[PDB]
Amino acid sequence: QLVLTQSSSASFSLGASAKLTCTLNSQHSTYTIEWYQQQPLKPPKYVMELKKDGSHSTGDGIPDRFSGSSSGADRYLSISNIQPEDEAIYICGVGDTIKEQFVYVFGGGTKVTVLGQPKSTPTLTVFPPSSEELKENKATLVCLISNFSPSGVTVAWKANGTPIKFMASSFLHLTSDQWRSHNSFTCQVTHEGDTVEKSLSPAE
Amino acid sequence: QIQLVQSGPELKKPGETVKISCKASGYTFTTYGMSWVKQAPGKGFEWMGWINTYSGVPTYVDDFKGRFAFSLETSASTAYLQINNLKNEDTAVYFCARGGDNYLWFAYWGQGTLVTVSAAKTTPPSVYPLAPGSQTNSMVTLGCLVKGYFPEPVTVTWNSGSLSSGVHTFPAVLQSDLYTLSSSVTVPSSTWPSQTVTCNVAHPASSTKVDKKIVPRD
């Protein structure tokens, strides 16, 4: 990152104004840049072309809340009233000629998260080892976590009450002996700072 | 409207060759050039070069001279990238990208094709049914455990796709270099076990297809 510099992460409150920076080196201070958006499971999208004087052209199907502006070697992507669907990696790009030949450089990318979203708490479903697996001397405990928003959960497993929308899951790989030799196991899920639990009982 | 659809993920040993495709639609194929862009794990985008879709002449970036071949089937509106003598460092997602008017180089993109270069062996999943023993007026949750497979993906449907309401198929979890996945379905009692419920699991990489009727017990 020296032709183009981007900080690798940024976060903004839901519905606030968002401003991202891509800074050009001195040798390219007046160059025009392109902004791209990369979300999982989709093609990357051309967002806009942004000139040194701050003028720009967008889209694609790029909504009117995206705009650009400039200041010296800095190039800004702004999102007004940023929404959860604007979560993505934003990458800046620049073209040039180096002794006769065309060259293109991409920035390292800025991962943007949208904070302060309304919370929907998770529902947990747990399954004990199947009899088929137990006959092979294995035991996988399953914890399925669904109907929650926004994204992002942490999962901890407990045995005998002590340690050791969107979708998520956790698997605890045990032997059949380890399963049969506890009074209980518990999948504990943390979401936006709050805790939900469900237990399995080898005796049942 | 403009779409570039790339071929599916590849798993290959060092030294081998792979050929991946990018199929275009929604515009005149020979009017815009096609670029290729490499995204290695943990790294940013790197342009590899482009092929002139009219002239057929390719231009390679320095890092990509020698082992990489861009080619076309213009009758099929398809561009191809062939990578030869695969190295560990060729592991990446490879994107095709179409140019635009007034000198835009990367106007439209494909979805990417993951190429893994590894000596890891393709492993089929073991499939287990998740069911209770068969109270009145309660909803029942059934499931299907898909364990220990490589590489991704697996797909899951229920009753061949005809059971879709109440189905959650959860993202795969990597643990010790194999993937595990689960799918669940909530069905009314009393629809089960009076009506049959089957999960169907496919792993195209191992040419495997498993059906599992879910019956009461444990």
# chains A, B, ... in the order shown; residues from 1 in each chain; ligands from 1
call {"tool": "interface_residues", "arguments": {"of": "chain A", "to": "chain B", "cutoff": "9 Å", "atoms": "only C-alpha atoms", "output": "PyMOL selection string"}}
result
chain A and resi 34+41-46+49+60+91+95+103-109+125+127-133+140+142+144-146+167-171
call {"tool": "residues_around", "arguments": {"residues": "segment 11-20 of chain A", "least_positions_apart": "4", "cutoff": "9 Å", "atoms": "only C-alpha atoms", "output": "number ranges by chain"}}
result
A: 6-7, 75-84, 90, 110-117
call {"tool": "select_by_dssp", "arguments": {"residues": "chain A", "states": "strand (DSSP E or B)", "output": "PyMOL selection string"}}
result
chain A and resi 4-5+9-13+18-24+33-38+45-50+56-58+66-71+74-79+88-98+101-106+110-115+120+123-127+138-149+154-159+162-163+166-175+185-191+194-200
call {"tool": "select_by_dssp", "arguments": {"residues": "segment 15-211 of chain B", "states": "helix (DSSP H, G or I)", "output": "PDB file with N, CA and C atoms, in the first residue's frame"}}
result
ATOM      1  N   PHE B  29     -20.176  -9.557 -27.338  1.00  0.00           N
ATOM      2  CA  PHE B  29     -18.923 -10.114 -26.809  1.00  0.00           C
ATOM      3  C   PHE B  29     -17.607  -9.515 -27.340  1.00  0.00           C
ATOM      4  N   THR B  30     -17.451  -9.406 -28.649  1.00  0.00           N
ATOM      5  CA  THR B  30     -16.228  -8.844 -29.244  1.00  0.00           C
ATOM      6  C   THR B  30     -16.012  -7.313 -29.120  1.00  0.00           C
ATOM      7  N   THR B  31     -16.936  -6.580 -28.490  1.00  0.00           N
ATOM      8  CA  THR B  31     -16.815  -5.118 -28.395  1.00  0.00           C
ATOM      9  C   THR B  31     -15.925  -4.653 -27.232  1.00  0.00           C
ATOM     10  N   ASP B  62       3.669  -8.785 -15.797  1.00  0.00           N
ATOM     11  CA  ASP B  62       4.960  -9.490 -15.604  1.00  0.00           C
ATOM     12  C   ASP B  62       4.931 -10.759 -14.779  1.00  0.00           C
ATOM     13  N   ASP B  63       4.278 -10.690 -13.622  1.00  0.00           N
ATOM     14  CA  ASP B  63       4.125 -11.836 -12.731  1.00  0.00           C
ATOM     15  C   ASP B  63       3.417 -13.001 -13.404  1.00  0.00           C
ATOM     16  N   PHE B  64       2.716 -12.721 -14.495  1.00  0.00           N
ATOM     17  CA  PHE B  64       1.869 -13.734 -15.136  1.00  0.00           C
ATOM     18  C   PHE B  64       2.349 -14.138 -16.538  1.00  0.00           C
ATOM     19  N   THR B  74     -15.419 -17.352 -29.136  1.00  0.00           N
ATOM     20  CA  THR B  74     -16.340 -16.249 -29.398  1.00  0.00           C
ATOM     21  C   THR B  74     -17.748 -16.693 -29.844  1.00  0.00           C
ATOM     22  N   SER B  75     -17.848 -17.888 -30.446  1.00  0.00           N
ATOM     23  CA  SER B  75     -19.134 -18.483 -30.832  1.00  0.00           C
ATOM     24  C   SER B  75     -19.982 -18.682 -29.580  1.00  0.00           C
ATOM     25  N   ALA B  76     -19.306 -19.033 -28.481  1.00  0.00           N
ATOM     26  CA  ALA B  76     -19.978 -19.284 -27.207  1.00  0.00           C
ATOM     27  C   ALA B  76     -19.949 -18.087 -26.211  1.00  0.00           C
ATOM     28  N   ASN B  88       1.714 -23.643  -5.089  1.00  0.00           N
ATOM     29  CA  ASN B  88       0.936 -23.378  -3.896  1.00  0.00           C
ATOM     30  C   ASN B  88       0.396 -21.942  -3.854  1.00  0.00           C
ATOM     31  N   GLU B  89       1.210 -21.020  -4.364  1.00  0.00           N
ATOM     32  CA  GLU B  89       0.883 -19.608  -4.413  1.00  0.00           C
ATOM     33  C   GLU B  89      -0.174 -19.183  -5.504  1.00  0.00           C
ATOM     34  N   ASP B  90      -0.596 -20.138  -6.314  1.00  0.00           N
ATOM     35  CA  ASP B  90      -1.702 -19.953  -7.285  1.00  0.00           C
ATOM     36  C   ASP B  90      -3.070 -20.103  -6.597  1.00  0.00           C
ATOM     37  N   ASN B 159     -37.219 -33.921   1.004  1.00  0.00           N
ATOM     38  CA  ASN B 159     -38.227 -34.512   0.059  1.00  0.00           C
ATOM     39  C   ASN B 159     -38.010 -34.018  -1.390  1.00  0.00           C
ATOM     40  N   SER B 160     -36.735 -34.051  -1.788  1.00  0.00           N
ATOM     41  CA  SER B 160     -36.304 -33.632  -3.109  1.00  0.00           C
ATOM     42  C   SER B 160     -36.606 -32.187  -3.460  1.00  0.00           C
ATOM     43  N   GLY B 161     -36.712 -31.341  -2.444  1.00  0.00           N
ATOM     44  CA  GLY B 161     -37.024 -29.950  -2.686  1.00  0.00           C
ATOM     45  C   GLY B 161     -38.480 -29.598  -2.446  1.00  0.00           C
ATOM     46  N   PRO B 204     -20.768 -32.987  -4.989  1.00  0.00           N
ATOM     47  CA  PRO B 204     -20.299 -33.101  -6.402  1.00  0.00           C
ATOM     48  C   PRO B 204     -18.809 -33.435  -6.530  1.00  0.00           C
ATOM     49  N   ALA B 205     -17.953 -32.895  -5.657  1.00  0.00           N
ATOM     50  CA  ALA B 205     -16.499 -33.199  -5.739  1.00  0.00           C
ATOM     51  C   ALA B 205     -16.143 -34.693  -5.561  1.00  0.00           C
ATOM     52  N   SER B 206     -16.880 -35.405  -4.709  1.00  0.00           N
ATOM     53  CA  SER B 206     -16.672 -36.837  -4.545  1.00  0.00           C
ATOM     54  C   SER B 206     -17.663 -37.699  -5.349  1.00  0.00           C
TER      55      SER B 206
END
